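Participant: This is the structure alone, sequence omitted:
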Ligand SMILES: *[C@@H]1O[C@H](CO)[C@@H](O[C@@H]2O[C@H](CO)[C@@H](O[C@@H]3O[C@H](CO)[C@@H](O)[C@H](O)[C@@H]3O)[C@H](O)[C@H]2NC(C)=O)[C@H](O)[C@H]1NC(C)=O
Ligand SMILES: *[C@@H]1O[C@H](CO)[C@@H](O[C@@H]2O[C@H](CO)[C@@H](O[C@@H]3O[C@H](CO)[C@@H](O)[C@H](O)[C@@H]3O)[C@H](O)[C@H]2NC(C)=O)[C@H](O)[C@H]1NC(C)=O
Ligand SMILES: [Cu+2]
Ligand SMILES: [Cu+2]
Ligand SMILES: [Cu+2]
Ligand code: NA
């Protein structure tokens, strides 16, 4: 069952074996992935997170981010450790109490401390629309139509070298899949459909790193939502989905009753499908209970290309129709060397006092804020442009901005900008060498918003900066509850930190 919008959520350690190999994990709600948190657009969510963690090998502190929700007026509830809060300590709990005005779509939640979400703390978060403009395009939209894609590691995250190219041991679809080495015929996930019905499949990348080539043998997929943003219908036969992105697509159960492979090929780790790796099963009601015999094509004739996507609403693009045509035009220097990433010459290392608390304590400008050189101020009520030129090792890097979505003015692998009708989203591949992926948004949400690569290993190695949006209005805009003001004293006391 789905939980929320008002719910407790316990964070525990347990052994799991999603690919047949047993390892300890960090779990929300006792499962991998965690339970779906759900509500309707505009609802008040109050998720009281109980930190019950005791295994130090995966960290006993935690903090949870609600990925893609803007948190307007509730920056304190956003979750990134040392940006908007100190972590929750073990044996304590914290109510993330926020509202979701003006958003409806497919999201997710995950740990936002260190690389802890890799160890298991990841699940879906869906905000339904009772008046959804796409409602007439399908029959079924519920917990059975969510499809998660996850990387899974046999080595615990805190034992992964920083700045290394770390590789997974299994792809998991809806929590199940097979190991790339020492493969055993462990259970595969089954997605069940009824011949003739149309399904809103909500495809969620909960990846810590790889991108997936996602397809379903015999079927095509009609995209109607991108990272929470309704799209015009776009029919494709393959979706390359980068870490943390989401799509809704219509699946028409219009093929002969039978079994069909669902495929998710990562860019690293095991290649192909031998032994049923990288696979799940689409089963029609009435089909025999047996594995599919279907084949992938050698090439996919209608792959998703990001420039083909357009918003359903007339969203346009803020600013002027040329490079630098914004109130605050930025170009970030994104680099990697010797195990560490940097942005504008500075590698991100989390500060001792969270950025929001520094601002609430009176810090007057981005040069007063720590980490030095890791915080850029943005002016209020202004069009921001951010060019993100690729090249840094370990690509393609999916960049994500907290507190906002954005127009994708220029996409990967295509030098032509679009100032008319590009898709809006919240996580974007910046492409390959020589690309100049560029985003735009307007600043109507005061607070410190993290901008970072969403390959979690890269974030840990410093590939991040903080946009301190409208510093002057941050305190008046984001009143903080006593439970939030209690978090840093408790955390620093527990860890013997002075501040
Ligand atoms: C990606 O697009 C951005 C614009 O969105 C490009 O930024 C432009 O970069 C050039 C140099 O690469 C800048 O010109 C330089 O300015 C300094 C003075 O600040 C001057 O000393 C240099 O001789 C040169 O004029 C320009 O300001 C900046 N912005 C623009 C044109 O709007 C960026 O180059 C693009 N990157 C790639 C890889 O395509
Ligand atoms: C590379 O990216 C550019 C920019 O996003 C893409 O260019 C855009 O291509 C579309 C589709 O062909 C053009 O729209 C077309 O315009 C006319 C109406 O004016 C209409 O009759 C067509 O059916 C469609 O609407 C669009 O104008 C164009 N925009 C720009 C700024 O050039 C391009 O397709 C991408 N390259 C690849 C290989 O996908
Ligand atoms: Cu995220
Ligand atoms: Cu986020
Ligand atoms: Cu990266
Ligand atoms: Na415009």
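Facilitator: That came through fine. Numbers count the residues shown, from 1 in each chain. Ligands and ions are numbered 1, 2, ... in the order given.
Participant: Kindly list the longest helix within the protein.
Facilitator: As assigned by DSSP state H, the longest helix anywhere in the chain is helix 487-495.
Participant: in that one, what's buried?
Facilitator: Buried residues in helix 487-495, defined by neighbour count with 16 or more other C-beta atoms under 10 Å: 487, 488, 491, 492, 494. In short, each C-beta sits where N, CA and C put it, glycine included.
Participant: Contacts for it next, please.
Facilitator: When contacts are taken as C-beta atoms under 8 Å, 6 or more residues apart in numbering, the neighbours of helix 487-495 outside the stretch itself are 61, 85-89, 92, 94, 353-354, 357, 497-499.
Participant: next one: stretch 188-197
Facilitator: Residues outside stretch 188-197 that contact it (C-beta under 8 Å, 6+ apart) are 139-140, 144, 147, 173-178, 199, 251, 253-254, 257, 262, 276, 279-286, 291.
Participant: If we use 7 Å, what do you get?
Facilitator: Residues lying outside stretch 188-197 but in contact with it, judged by C-beta atoms under 7 Å, 6 or more residues apart in numbering, are 139-140, 147, 173-176, 199, 251, 253, 257, 262, 276, 279-285.
Participant: Dig out what residue 215 forms beta bridges with.
Facilitator: When bridges are assigned using DSSP bridges, the partners listed for residue 215 are residue 263.
Participant: need the contact list for it.
Facilitator: Under the criterion of C-beta under 7 Å, 6+ apart, the neighbours of residue 215 are 237, 238, 263, 296, 300.
Participant: surely the last one meets residue 238?
Facilitator: In other words, residue 300. Yes - under the criterion of C-beta atoms under 7 Å, residue 300 lies in contact with residue 238, with a separation of 4.0 Å.
Participant: More neighbours: which of the two?
Facilitator: residue 238 (21 against 16; other C-beta atoms under 10 Å).
Participant: Up against ligand 3, what does the stretch 301-450 of the chain have?
Facilitator: Contact residues (C-beta under 5 Å from the ion) of the stretch 301-450 of the chain with ligand 3: there are none.
Participant: Walk me through the domains of this protein.
Facilitator: Annotated domains of the chain cover 1-133, 134-313, 314-499 [curated CATH domains].
Participant: Can you get me the start-to-end distance on the longest one?
Facilitator: Yep, that's domain 314-499 we're talking about. Between the opening and closing residues of domain 314-499 lies a distance of 49 Å (C-alpha to C-alpha, to the nearest Å).
Participant: oh, and call the first residue 396 from now on, that's how I've got it
Facilitator: All right, first residue 396 from here; so that's domain 709-894.
Participant: in the stretch 496-645 of the chain, what residue is nearest ligand 2?
Facilitator: residue 627 (11.1 Å; C-beta to the nearest ligand atom).
Participant: check contacts around that residue.
Facilitator: Residue 627 touches 705, 707, counting by C-beta under 7 Å, 6+ apart.
Participant: quick one, what contacts the nearest residue to residue 719 once chain neighbours are set aside?
Facilitator: Counting by C-beta to C-beta, 6 or more residues apart in numbering, residue 780 is the residue found nearest to residue 719 once chain neighbours are left out, at 6.8 Å. With contacts defined as C-beta under 7 Å, 6+ apart, the neighbours of residue 780 are 714, 719, 721, 724, 725, 833, 835.
Participant: Mind checking which of the residues you listed land in strands?
Facilitator: Judged by DSSP state E, the subset of the contacts of residue 780 located in strands is 724, 725, 833, 835.
Participant: Make CSV out of those and add distance to ligand 2.
Facilitator: Formatted as CSV, the ones in strands among the contacts of residue 780 follow (distance: C-beta to the nearest ligand atom, whole Å):
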residue, distance to ligand 2
724, 19
725, 21
833, 12
835, 14
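Participant: Out of the residues you listed, which two sit at the greatest distance?
Facilitator: Taking C-beta to C-beta as the measure, the ones in strands among the contacts of residue 780 span a maximum distance of 10.5 Å, between 725 and 835.
Participant: Those two - which one has more neighbours?
Facilitator: With neighbours defined as other C-beta under 10 Å, residue 725 and residue 835 compare such that residue 835 has more, 21 against 17.
Participant: All the strands of the stretch 746-894 of the chain, in order from the start?
Facilitator: Residue ranges of the strands in the stretch 746-894 of the chain, as given by DSSP state E, counting those that start in this stretch, are 770-773, 778-782, 793-796, 801-805, 819-820, 822-824, 833-837, 842-848, 859-864.
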